[PDB]
Amino acid sequence: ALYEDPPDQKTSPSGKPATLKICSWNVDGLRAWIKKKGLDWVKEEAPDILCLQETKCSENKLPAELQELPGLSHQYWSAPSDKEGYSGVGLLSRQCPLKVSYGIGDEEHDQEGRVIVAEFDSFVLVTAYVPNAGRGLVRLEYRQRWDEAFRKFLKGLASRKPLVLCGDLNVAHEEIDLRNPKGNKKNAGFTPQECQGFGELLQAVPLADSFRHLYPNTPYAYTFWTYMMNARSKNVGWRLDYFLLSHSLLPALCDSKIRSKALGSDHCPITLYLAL
DNA sequence: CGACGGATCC
DNA sequence: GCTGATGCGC
DNA sequence: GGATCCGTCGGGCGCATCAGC
Ligand SMILES: [Cl-]
Ligand SMILES: [Mg+2]
């Protein structure tokens with residue numbers, strides 16, 4: 001079935017107005033995404049913070065349109081050192097963060113360009129591009145080891161502020177998070193190992209899945225569709241992109257959106273509204 | 001990774 | 001410099 | 001014998017490199 005995201009709820013359950021709009025987007029190649037008008041969509045969305053994954057672009061190759069964003073003037077970029085053209089993440093913010101860091105512990109030695117941490121006044125924001133288990137699951141054990149190091153890194157963040165984790169976490173948590181659960185149990189993104197790793201992530205940190213907290217029984221809500229076989233037009237897709245929140249942030253949660261109609265990548269954007 | 005062919009379930 | 005092939009990963 | 005399960009196959013994207021010119 002096709003899916004239509006509900007209207008934006010800009011008020012918390014208690015009546016407080018949203019003050020913070022965060023958008024996250026795996027752009028599947030930042031330079032291509034810009035040529036497909038992705039930045040025109042960002043401007044219409046007008047988020048306070050923009051997190052991008054799979055930029056596939058080192059900072060010297062960023063198109064100049066990116067410096068024509070006065071409302072997102074504080075920009076932080078990461079690309080892997082060994083393999084440019086893969087991975088790459090970015091974080092763009094209206095206000096300047098108190099602190100920015102990269103990686104999950106040893107990035108100065110294994111520059112992977114998958115994780116940016118930004119500390120703001122009231123919360124810590126992490127955006128992540130989680131490593132893929134690969135065709136035939138050839139890199140599944142690496143992803144399991146990565147999941148474990150990531151969980152431990154997130155638990156061990158020094159600050160006492162609540163945590164917002166967003167981005168492409170590269171797993172459909174439950175059966176409701178993808179169109180063909182049974183046929184994909186041996187495919188990257190839906191193995192029992194990655195699914196359990198996600199569950200452990202929510203328990204260990206601990207974190208809540210903002211969209212599923214608000215919409216616990218809503219099916220066919222996806223953020224990724226393979227370019228192949230016209231999957232997106234048939235809404236055969238997967239929910240791979242999340243906003244995960246500290247429990248203390250749930251009373252501030254107004255809405256968590258899936259921007260199904262925004263084109264330019266094989267993922268669509270997701271948007272978070274918080275009343276901070 | 002979904003479409004597809006083929007086997008299995010009652 | 002530019003195109004289109006191939007290779008790689010998603 | 002319709003629905004479901006299960007394994008195999010062909011391949012849309014973006015970007016780096018390479019060959020040719
Ligand atoms: Cl930077
Ligand atoms: Mg991808």
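Chain naming here is simple, since letters A, B, ... match the order of the sequence lines and numbering starts at 1 in each.
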*Whole-Å gap separating P (D:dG12) and CG (A:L263)*: 19 Å
*Classify the side-chain pair A:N217/A:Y215 by whether it contains a donor and acceptor separated by less than 3.5 Å.*
no
*Would one find more than 12 heavy atoms of other residues, nucleotides or ligands at under 6.0 Å from atom CD of A:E200?*
yes
*B:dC1 and C:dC10: how far apart are their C1' atoms, nearest whole angstrom?*
11 Å
*Check whether any side-chain heavy atom of A:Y102 sits under 4.5 Å from a side-chain heavy atom of A:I116, and report yes or no.*
yes
*If you find the nucleotide of DNA chain D closest to A:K56 and the one closest to A:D266, which residue's nucleotide is nearer the 5' end?*
A:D266
*asked:* Nearest heavy atom decides the nucleotide; on that basis, is A:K35 or A:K186 closer to the 5' end of DNA chain D?
replied: A:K186
*For DNA chain B, find the residues of residues 172-181 of chain A with a heavy-atom distance under 4.0 Å and give them by number; none if there aren't any.*
A:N180
_If you count every heavy atom of other residues, nucleotides or ligands that lies below 6.0 Å from A:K185 atom NZ, does the total exceed 12?_
yes
*Report yes if some heavy atom in the side chain of A:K182 is under 4.5 Å from a heavy atom in the side chain of A:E175; otherwise report no.*
yes
*Tell me which nucleotide among D:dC13, D:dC15, B:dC1 gets nearest to the side chain of A:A32.*
D:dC15
*asked:* How many whole angstroms separate atom NE2 of A:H267 from atom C1' of D:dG12?
replied: 14 Å
*Any chance you could list the contact pattern along nucleotides 5-10 of chain B? Use B for base contacts, S for sugar-phosphate-only contacts and - for none, protein heavy atoms under 4.0 Å, 5' to 3'.*
------
*Scan A:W238 against the nucleic acid and name what it touches under 4.0 Å (heavy atoms): base, sugar-phosphate only, or nothing.*
sugar-phosphate
_Spacing between A:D168 atom CG and C:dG9 atom P, to the nearest angstrom_ = 18 Å
*Rounded to the Å, how far apart are A:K182 NZ and B:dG2 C1'?*
17 Å
*Starting from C1' on D:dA16, measure out to CG on A:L30 and report it in whole angstrom.*
17 Å
*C1'-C2'-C3'-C4' sign verdict for the sugar of D:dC18, north or south*: south
*Can you say whether the rings of A:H267 and A:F224 are parallel (under 30°), tilted (30 to 60°) or perpendicular (over 60°)?*
tilted
*Measure the acute angle between the ring planes of A:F153 and A:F150, then classify it against the limits of 30° and 60° as parallel, tilted or perpendicular.*
parallel
Check residues 71-80 of chain A and write down every donor-acceptor pair under 3.5 Å in which the side-chain atom is one partner and the other belongs to a residue at least two apart or another chain.
from  : atom 1 : to    : atom 2 : distance (Å)
A:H74 : ND1    : A:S93 : O      : 3.2
A:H74 : ND1    : A:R94 : O      : 3.0
A:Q75 : NE2    : A:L66 : O      : 2.8
A:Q75 : NE2    : A:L72 : O      : 3.0

*What distance, rounded to whole Å, do you find between the two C1' atoms, one in C:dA5 and one in B:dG6?*
37 Å
*A:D28 and A:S265 side chains, donor-acceptor separation under 3.5 Å*: no
*For the rings on A:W238 and A:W225, is their centre-to-centre separation under 6.0 Å?*
no
_Without decimals, in angstroms, what is the distance between A:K234 NZ and B:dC1 P?_
14 Å
_Members of residues 221-230 of chain A that approach DNA chain D, where some heavy atom sits under 4.0 Å away_ = A:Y227, A:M228, A:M229
*Main-chain N/O of A:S248 paired to A:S246 side chain as donor or acceptor, under 3.5 Å*: no
*Pick the P atom in D:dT8 and in C:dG9, then give their distance to the nearest Å.*
22 Å
_Any residue of residues 132-144 of chain A with a heavy atom less than 4.0 Å from an atom of DNA chain B_ = A:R135
*Out of A:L154, A:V126, A:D209, which residue meets the side chain to side chain contact (heavy atoms under 4.5 Å, CB included) rule with A:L244?*
A:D209
*Rounded distance (Å) that lies between atom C1' of D:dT8 and atom CG of A:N187*: 11 Å
*If you check the A:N184 side chain, which of C:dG9, D:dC13, B:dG2 turns out closest?*
B:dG2
*For atom OH of A:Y86 and atom P of D:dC13, their distance in whole Å*: 18 Å
*Mind checking the CG-NZ spacing from A:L214 to A:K257? Nearest 0.5 Å is all I need.*
8.0 Å
*How are the rings of A:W33 and A:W25 set relative to one another: parallel (under 30°), tilted (30 to 60°) or perpendicular (over 60°)?*
perpendicular
Name each donor-acceptor pair under 3.5 Å that joins a side chain in residues 162-170 of chain A to protein atoms two or more places apart or in another chain, with its distance.
from   : atom 1 : to     : atom 2 : distance (Å)
A:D168 : OD1    : A:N170 : N      : 2.9
A:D168 : OD2    : A:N26  : ND2    : 2.9
A:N170 : OD1    : A:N132 : ND2    : 3.2
A:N170 : OD1    : A:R143 : NH1    : 3.2

*Ignoring backbone atoms, test whether A:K185 places a side-chain nitrogen or oxygen under 4.0 Å from the OP1 or OP2 oxygen of D:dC5.*
no
